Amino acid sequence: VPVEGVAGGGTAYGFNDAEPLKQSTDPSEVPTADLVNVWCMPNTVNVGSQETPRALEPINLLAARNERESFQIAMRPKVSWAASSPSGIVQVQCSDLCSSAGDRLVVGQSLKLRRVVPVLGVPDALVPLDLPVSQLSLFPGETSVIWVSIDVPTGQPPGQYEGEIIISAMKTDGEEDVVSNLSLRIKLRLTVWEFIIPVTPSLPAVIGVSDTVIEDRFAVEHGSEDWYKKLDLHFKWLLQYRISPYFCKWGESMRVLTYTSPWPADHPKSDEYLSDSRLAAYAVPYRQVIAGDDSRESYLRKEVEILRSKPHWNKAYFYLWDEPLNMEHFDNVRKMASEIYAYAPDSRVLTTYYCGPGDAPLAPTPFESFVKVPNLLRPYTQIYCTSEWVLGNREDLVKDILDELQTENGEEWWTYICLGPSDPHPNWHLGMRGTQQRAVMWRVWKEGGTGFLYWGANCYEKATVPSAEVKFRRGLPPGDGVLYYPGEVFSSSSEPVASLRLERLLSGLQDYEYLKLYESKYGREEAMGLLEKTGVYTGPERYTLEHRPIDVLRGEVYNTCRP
């Protein structure tokens, strides 16, 4: 290109005319592909409105049984094909996937389409499209994105499954089917392999759900019939993310009422929740959920006598106090825990903490005082659930925490994340990149804790209408405590809307299961070696910025770990 530009257009005029456009903009005569750039992107990219076109190629995926695998379709107009509301409408159609044996992954039960919608300017909200056929408006100078996910049943026959998604530019009012030789066809190939991801999650990830948020936003009084229906809706939706929900009400000095099941242990609904195979751990409340006639002592005695008989009792825990800060708080936990043990001695009490007692240090520095918390609490806490931020980037001080615990007597180390750690550590703050979100569970895996807790999934600012704007609480990084959105904000559905962050939590929990499989076959040192040598994850400040390492890892698990 000369100094004066092609044909005298001036400086830098004509550096690629990326192939002349067709002179017509009529979608009934021009291929969709000459009207709109369409390409695929990996599930770990947060695909902004200004992402640049790439050339479309086929998509080749891998999934085990009981695994959700995902990819994205990006669309950016080249022209107006609807002069009067630019740029135009595209119709999106998907199809069953079919193997050689004639087995199928069906549209609707396995295969789903959602639009990726920005929250605070960042790609985050996944809003359902109509199946099998939907329409999507495309705007000038904007990249618009669809999240495709495929849920493989536990019983699915292995094989190579194949299918197509069809994108057609439409003329709006300026029947037939809209699909034609002018349509653009994206080719899908998924290999289902012999692994079944355990039905019961290997890592209990317990996630809190504010009941006050539900009570206010929906307008449902605690105890009511409508309240019980609303909590039911949330509990059932959340289990598909390989997590263990608990409802949570905060009290005086950060005491907590935490309950997985709002139903008395008597009720048939209690066993339907607690004996669900997908639920790895459930909170039992300390006080009564609904106002009773009994005293709490009296209620808890009778609740525990029932639950301790049931075969799911091994999944129970009590969570009594959120971040005890001072000596009175740590004493209160001992007292409450000992009431519990009098009705059943094998009860598991979960305590979260970032610090020893402020008013009576257990050692001359804060970190050292923190390390001794188990010496103070023993034997009145079983699950020592510590803040990851406390470690900074010192993965080598993990041993300092563990050296104070007694694994051989049922004590366990768990971790949580919250307003810290911050960039460039793994977390779920809005603005954090996709791999950074997924790296939360790579870190959890590497460090060797036996469960995980996240304080909040719906912890918005207060609102009194279902479709009210989602506002983020003051003093916290936006996204902290917020993994899903009300459906009514984005459509007329009552079904929750997932965040990208919740999808990358699930994918991370799927990765954990892969790495646990690899470990069960080749040992701890080899599996640690796989995580690092692939480039997936080296340390809290050093993990992959791209997708490809992740496929290298999951592909090596497939190559080596089949039966």
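A residue's number is simply how far along the shown sequence it sits, counting from 1.
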**Request:** With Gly174 and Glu175 adjacent in the shown sequence, let me know how many deposited residues between them lack coordinates: none, 1 to 3, 4 to 9, or 10 or more.
**Result:** 10 or more
**Complete:** Entry B factor averaged over C-alpha atoms, 329-337 against 146-154: higher for 329-337
**Prompt:** Which of the two stretches, 549-557 or 13-21, shows the higher mean Cα temperature factor in the record?
**Reply:** 13-21
**Request:** Would you mind finding, among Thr351, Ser87, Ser298, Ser491, the residue with the largest C-alpha temperature factor in the entry?
**Result:** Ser298
**Request:** Could you tell me which one of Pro364, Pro123, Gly434, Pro245 shows the highest CA temperature factor in the PDB record?
**Result:** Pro364
**Message:** Per the entry's values, where does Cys385 land by CA temperature factor relative to the rest of its chain, in the lowest, middle or highest third?
**Reply:** middle
**Request:** Could you say whether, by C-alpha temperature factor, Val444 belongs to the lowest, middle or highest third of its chain?
**Result:** lowest
**Fill in**
Quick tally, chain-level thirds of C-alpha B-factors: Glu525 sits in the middle
**Asked** Taking the C-alpha B-factors as the PDB entry records them, is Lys302 in the lowest, middle or highest third of its chain?
**Response** highest
**Complete:** Here the Cα B-factor of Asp480, set against its chain, lands in the third termed lowest
